[PDB]
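Novice: Sequence first, structure after; it's an experimental one.
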Amino acid sequence: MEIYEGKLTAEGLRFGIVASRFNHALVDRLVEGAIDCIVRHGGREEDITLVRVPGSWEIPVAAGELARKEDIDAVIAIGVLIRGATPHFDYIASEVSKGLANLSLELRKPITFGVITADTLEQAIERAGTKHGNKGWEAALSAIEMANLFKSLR
Amino acid sequence: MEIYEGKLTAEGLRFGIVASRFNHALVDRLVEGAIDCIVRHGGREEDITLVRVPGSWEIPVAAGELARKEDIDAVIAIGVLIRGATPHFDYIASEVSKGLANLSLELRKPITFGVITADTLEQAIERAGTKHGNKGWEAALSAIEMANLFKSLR
Amino acid sequence: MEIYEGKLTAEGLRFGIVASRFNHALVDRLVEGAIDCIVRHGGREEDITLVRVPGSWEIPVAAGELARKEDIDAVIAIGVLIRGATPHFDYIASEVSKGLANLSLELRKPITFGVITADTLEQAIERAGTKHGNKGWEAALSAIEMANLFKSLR
Amino acid sequence: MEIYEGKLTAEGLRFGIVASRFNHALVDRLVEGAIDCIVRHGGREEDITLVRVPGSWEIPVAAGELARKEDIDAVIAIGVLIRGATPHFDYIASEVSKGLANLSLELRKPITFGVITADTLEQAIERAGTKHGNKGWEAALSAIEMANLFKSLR
Amino acid sequence: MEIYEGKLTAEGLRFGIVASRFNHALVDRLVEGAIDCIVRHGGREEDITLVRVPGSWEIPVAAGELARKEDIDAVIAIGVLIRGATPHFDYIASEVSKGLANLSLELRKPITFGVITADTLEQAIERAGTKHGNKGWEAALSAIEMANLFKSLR
Amino acid sequence: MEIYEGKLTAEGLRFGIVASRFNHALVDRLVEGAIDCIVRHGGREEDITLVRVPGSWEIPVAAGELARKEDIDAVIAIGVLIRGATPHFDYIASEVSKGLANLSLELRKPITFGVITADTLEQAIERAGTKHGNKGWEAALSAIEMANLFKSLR
Amino acid sequence: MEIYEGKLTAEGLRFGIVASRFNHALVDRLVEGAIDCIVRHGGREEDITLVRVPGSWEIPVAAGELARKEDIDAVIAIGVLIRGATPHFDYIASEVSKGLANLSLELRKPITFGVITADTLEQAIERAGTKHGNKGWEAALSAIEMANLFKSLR
């Protein structure tokens, strides 16, 4: 049998990080874990390109210009969505996810999903550093494995 | 300021894994994550020494013979404890933990704690592979970082 | 990979059994299973040293004189504790367990724990012969495996 | 099989009794049973050394100077603890017990535990003379058996 | 029979008092009773060494430097612990007590325990001067008796 | 009377800070207060050695290598523990505390305790910056006073 | 960027303390913390001017004669207000606060606010020494920082 799988070594890879600005407080702890993961697995922080967009709605279009440059091996999307009074939550949540997934089949490149979709302000703080451990350090780990496996599979 | 911190690269390190036999079903998924972590971070599986003891009560004494050999950089203790009808749970839980912590100051060597102390059979299955992600892959990650930092700090 | 593990053959091993006297009725069924295990796995009953102490409080000090003799490969501690009206239970339960575990790191020798810590008189009868199967035959099985593995690991 | 066990004859043995002063009323009935046991089993009352300390907290340190003299075969600790309004009970109860047990492995000498840990003033009176029969006559009986067995086992 | 017991005369003895600063209000009434006891039983206040530490957590380490000087006969530990919202209470309470008791067997010297472990702010005020009479005057009385008895027993 | 007490001036002292990584979000506000305290009381930030360990379980072993270097006057342990579904909380909480306290009597050096043991995620945020004022700025203040007093007392 | 901030060193500064007499019991523990803070941060107690006024109503007028002398760098107002049966509380509380704040813009000099405004007698005892730590040691710390920063900013 042929078994393919990405190792977790980050040397030689160049990364893109698309990070919304809304929910300034929680996103800055995710971007912190994300860079943290990439450096302690052996990647340099020079080869990280960090892009900032105003809301989570526009993560799709801007991760589309990072994922087209040749020298980017994987792209991480990092944004916080908290439900409020209206269904505004759903139609933005539903679209962030389709643009990211639709983009990944198009450009045949890994785009990992580091978007926190929380119901209360409580659960967002737990997945951004405390009792569940930041998505940011996680979605970054997912891309290091993918961008590593996509040397073998292409 | 001096900042010390372990990177996550597992090359050159030699590991010990002390794994109980009781709860045959759940422990074998932890040992699986543990070796898995060490190999995909760049360590060879030859340099893993795996030791098996009958219950969780004896993890202390046998991790004491692994932690004394010179060629072991870190030791992982892996066992499952489920509460039952009696306080048998507490006095075994309380002692596994003191022998492991007491051993680490004595032999000045990292012994990370991969013991699941669950109340229901439910929560033990969740921390052994499913919605919380195996301690075994986690306690192994903790030791790779420690055994790496203890090159600098000794 | 190196895999260490004790087989279950009891030939050549010499055992010590420290058995309280209090709860005369239930302890005598545990000591019965314990010798039973050692003989039917192939050990002789001559090489069993049986020591009797008045209560469960003193199992630590007397298992300390058995575990220091050279010709003892493993020691079994067998006593029954039933909770009563007062917290007398806890402070005796808590100390039996630390002296046994503290002794095992000191003398680097297996001391397995065959102490029944039951809440009702009911549950003590179930773990001493009937629907859960005597600790005594179990704690003895745990030591045969350990004393066998500690030929390889020392 | 070798069977070791202490007989109950008190001739030739020399004893130490560490007895708190707090709860003046109940302790004096325990010390009474303790000497009573030792004399009617055949020991002289000259060879009893009786030591008095202010509270139950200091039983450990003073039983440590009795247990170091050569001419003491066993030491009895006799004190009454009654729970009151605060957790003061627990942290004193927890420490009396560790100093006594820790001392017994250190000096390899029997220290039997005649401490009444009662929840109400009621249960303390029952274990000090009336419907359950004084610990003092009991903890003394436990030491006569141990100090007798420790001629054979040393 | 030999009876040992400390008289209550404080002449010739030299004392150490380790007193936390946290709960400034209640501790200063305990230290007040403590010196008060030592002077009115006949000791001079010159021979009192008073040491102040920031919290109750550090009473162990600093009573360890007083108890090692030769010219200190007994050491008093004086601090107030009030339970609050979290289990922070327990793990500090549990450690103050082990360091004090562990120290007393090590240095074979009396360390009496004048720590108030109260559940409400109410009960702490009652044991610090009012309807139960200050521990400080009590723990001091306990040490005068012990340091006096330890002339005879050493 | 002799009165000993540490002033609060931080000049000439060299500090060690052992800070877990788990609960990335809250620990980074404690380390922030801790350095903040040491600099504004007059200490330089060059003489701070900052050590990072993966979990709170390993604070003991790594504070043991900082506390052995000669040029460290006091060590601060900084980590966040939040209770979750299982008793995993207790056995880790209970051991962090014994290794820190056991270490301080051994190496006769101040190790102050800046560990937040919170029941809800709520109370952890309050003791890490907001309505109760960071332990980190507090445990640091406790060590500046202790390391200053331990010039006089040694 | 220019960053201004007061260090916490109290050398060279001269302080004023305006302390009511009503609630004799609790105020004397605040004044105690206040002087305590100033001395252990390095200030002499000669350079403290202590002024006493009959009630909390007159703290404004008398802190106005201290804040006009040239040789006073900061003034501390220390008084206890407990709510009783009537709205007398509010109109005195409301005025103490405006005279202190109005005075600080007028004389361009720090006047820190060490007034306890408690609802029950309970909460006043907690903020005056026990589980929340005296305002007096706090309002004094606030002024040492301010009077230090106002060398740079004037």
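Specialist: Arrived safely. Residues are numbered from 1 along each chain as shown, chains lettered A, B, ... in the order given.
Novice: Just give the nearest non-adjacent residue to the closest residue to chain D within chain A, would you?
Specialist: Nearest to chain D in chain A, going by Cβ to the nearest Cβ, is residue A:131, at a distance of 28.2 Å. To be clear about C-beta, it is placed using only N, CA and C from the backbone, and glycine gets the same treatment. Distances taken as Cβ to Cβ, 6 or more residues apart in numbering or on different chains place residue F:82 nearest to residue A:131, at 5.1 Å, with adjacent residues excluded.
Novice: Run a quick neighbour tally on the one you found.
Specialist: Residue F:82: 20 surrounding residues under other Cβ atoms under 10 Å in any protein chain shown.
Novice: how close does it sit to chain C?
Specialist: Taking Cβ to the nearest Cβ, to the nearest Å as the measure, residue F:82 falls 27 Å from chain C.
Novice: So that residue sits against residue F:118, correct?
Specialist: Yes. When contacts are counted by Cβ atoms under 8 Å, residue F:82 is listed as touching residue F:118 (5.5 Å).
Novice: Mutual contacts of those two, please.
Specialist: residue F:124 (Cβ atoms under 8 Å, 6 or more residues apart in numbering or on different chains).
Novice: Give me the distance between the closest residue to chain F within chain A and chain E.
Specialist: For chain A, the residue closest to chain F is residue A:129, as judged by Cβ to the nearest Cβ, at 2.6 Å. Counting by Cβ to the nearest Cβ, the gap from residue A:129 to chain E is 20 Å.
Novice: for residue A:51, same thing?
Specialist: Residue A:51 sits 41 Å away from chain E, going by Cβ to the nearest Cβ.
Novice: so that residue sits in a helix?
Specialist: No. The assignment for residue A:51 (DSSP: H, G, I helix; E, B strand; the rest coil) gives strand, which keeps it out of a helix.
Novice: I figured it hits residue A:18, correct?
Specialist: Yes. Between residue A:51 and residue A:18 there is a contact at 4.9 Å, judged by Cβ under 8 Å.
Novice: Name the residue in the two with the higher neighbour count.
Specialist: Ranked by neighbour count (other Cβ under 10 Å), residue A:51 and residue A:18 place residue A:18 first, with 28 against 14.
Novice: Does that one touch residue A:59 like I think?
Specialist: Yes. Applying Cβ under 8 Å, one finds residue A:18 in contact with residue A:59, separated by 5.3 Å.
Novice: Residues that sit against both of those two, list them.
Specialist: With Cβ under 8 Å, 6+ apart, residue A:18 and residue A:59 have common neighbours A:53, A:77.
Novice: For the residue found closest to residue A:115 once you drop the neighbours it is linked to in the chain, which residues are in contact?
Specialist: Closest residue in space to residue A:115, ignoring its immediate chain neighbours: residue A:79 at 5.2 Å, by Cβ to Cβ, 6+ apart. Going by Cβ under 8 Å, 6+ apart, residue A:79 touches A:19-20, A:22-23, A:27, A:55-56, A:59, A:96, A:114-116.
Novice: The host helix or strand of residue A:79: which residues count as buried?
Specialist: Taking DSSP states H and E as the definition, residue A:79 sits inside strand A:74-82. Neighbour counts over strand A:74-82 (16 or more other Cβ atoms under 10 Å in any protein chain shown) mark A:74-82 as buried.
Novice: And for stretch A:127-138?
Specialist: Quick answer for stretch A:127-138 (16+ other Cβ under 10 Å): A:127-131, A:133-138.
Novice: Let me know the closest of the residues you listed to residue F:44.
Specialist: Ranked by distance to residue F:44 (Cβ to Cβ), the buried residues of stretch A:127-138 are led by residue A:129 at 29.7 Å.
Novice: could I have stretch A:145-153 exported to PDB, CA atoms only?
Specialist: Listed next in PDB are the C-alpha coordinates belonging to stretch A:145-153 (Å, rounded to 0.1, in the frame of the first residue of the first chain):
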ATOM      1  CA  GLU A 145       1.000  19.300   7.500                       C
ATOM      2  CA  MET A 146      -0.900  20.000   4.300                       C
ATOM      3  CA  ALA A 147       1.700  22.200   2.500                       C
ATOM      4  CA  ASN A 148       4.200  19.500   3.400                       C
ATOM      5  CA  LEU A 149       2.000  16.700   2.000                       C
ATOM      6  CA  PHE A 150       1.400  18.700  -1.200                       C
ATOM      7  CA  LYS A 151       5.100  18.400  -2.200                       C
ATOM      8  CA  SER A 152       4.600  14.600  -2.500                       C
ATOM      9  CA  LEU A 153       1.100  14.700  -4.100                       C
END
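Novice: got a list of contacts for that stretch?
Specialist: With Cβ under 8 Å, 6+ apart, stretch A:145-153 has contacts from A:4-9, A:13, A:15, A:73-74, A:109-110, A:112.
Novice: Which members of the residues you listed are classed as buried?
Specialist: Applying 16+ other Cβ under 10 Å to those flags A:6, A:8-9, A:13, A:15, A:73-74, A:109-110, A:112 as buried.
Novice: Closest one to residue D:33 out of those residues, please.
Specialist: Among the buried ones among the contacts of stretch A:145-153, residue A:8 lies closest to residue D:33 (Cβ to Cβ), at 68.6 Å.
Novice: do you know how far the residue of chain A most remote from its centre is from residue F:68?
Specialist: Using Cα atoms, centre = their mean, the residue of chain A lying farthest from its centre is residue A:1. It sits 32.0 Å away. The gap separating residue A:1 from residue F:68 is 51 Å, by Cβ to Cβ, to the nearest Å.
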